[PDB]
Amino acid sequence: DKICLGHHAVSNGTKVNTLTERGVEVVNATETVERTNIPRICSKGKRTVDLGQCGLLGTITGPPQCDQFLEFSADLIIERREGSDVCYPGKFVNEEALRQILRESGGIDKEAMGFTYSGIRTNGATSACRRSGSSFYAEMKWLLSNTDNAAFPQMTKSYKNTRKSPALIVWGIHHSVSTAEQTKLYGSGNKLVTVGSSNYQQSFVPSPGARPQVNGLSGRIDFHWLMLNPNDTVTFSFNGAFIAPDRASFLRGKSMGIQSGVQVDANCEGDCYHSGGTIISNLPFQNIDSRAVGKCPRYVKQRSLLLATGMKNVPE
């Protein structure tokens, strides 16, 4: 006598939100916000450099813990909490800009500046920089006066970048424990260091005094930098307190840089990274870390947003 029409239903429906309602039950739904983290840096198929105890900036100047990283090559660069840019207490002017540059460099390739010295000592060292005995920064040279208290000859040294891409140049200013100790190294009177590229001018006067003990030592070195363009020349006019660049660095290509405290893993592949690991997901959004880098779902404040994949559930 009859034929009825109907639709399916389930005992257990999944609740979702609409334009009109909150918690309307539908047949089936699927999550759109990713919460699952892999607690490892998923590095399968990528040239990876885990800096460990080496600080990214320390790859340019080369303290002992960066000896194995002086000319590295990478698609992915991992910075560790324990990493350190210096052996002899110091600081980089514009540290973070230079980091951002090195993070996406694809690594670095070094080339001798070809500086040659006459009238000064260039083998200065320290117990802070240990290579089985006192030493110094591998890529640098600590410039002095030949004998204690001796004068410093006003000096003009130049480097022309003859290559096709710009050269990262780095030099260091020394700050001795006393006003007395700056005179010992480089003679009395106030010394001047200046730098002149075709698109750059700046000046540097040392500032001796008594800092607190770091690595046992109370002196400091200021590191500085500029990118020197093709067929441009940088000139170093100085009279002391100067730490001299021996090699200039060049950037290899492209990479990505991250900061983490989890292990590396060549078994899983991912392109979205944060300090706690890797977000492997096809979901449009994520609620794991708003500072995740690489190619990631968009961060959102919501923990979950369920998307209906079925009709409304109408049981009973």
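Throughout, we count residues from 1 along the sequence that is shown.
- Between 26-34 and 252-260, the higher mean Cα B-factor belongs to 26-34.
- Mean CA B-factor, 119-127 versus 159-167: the higher value falls on 119-127.
- Looking at 91, 191, 81, 141, the one whose CA carries the top B-factor in the deposited record is 191.
- Remark: of 209, 107, 245, 114, 209 shows the highest value [criterion: C-alpha B-factor in the PDB entry].
- Placement of the Cα temperature factor of residue 222 within the chain: middle third of the modelled residues, per the deposited record.
- The deposited CA B-factor of residue 186 belongs to the highest third of values across its chain.
- Sort the chain's modelled residues by C-alpha temperature factor and residue 9 lands in the highest third, per the entry.
- Residue-level temperature factors show residue 135 in the middle third of its chain, judged at the C-alpha atom.
- Ranked within its chain, residue 173 lands in the middle third, by CA B factor from the PDB record.
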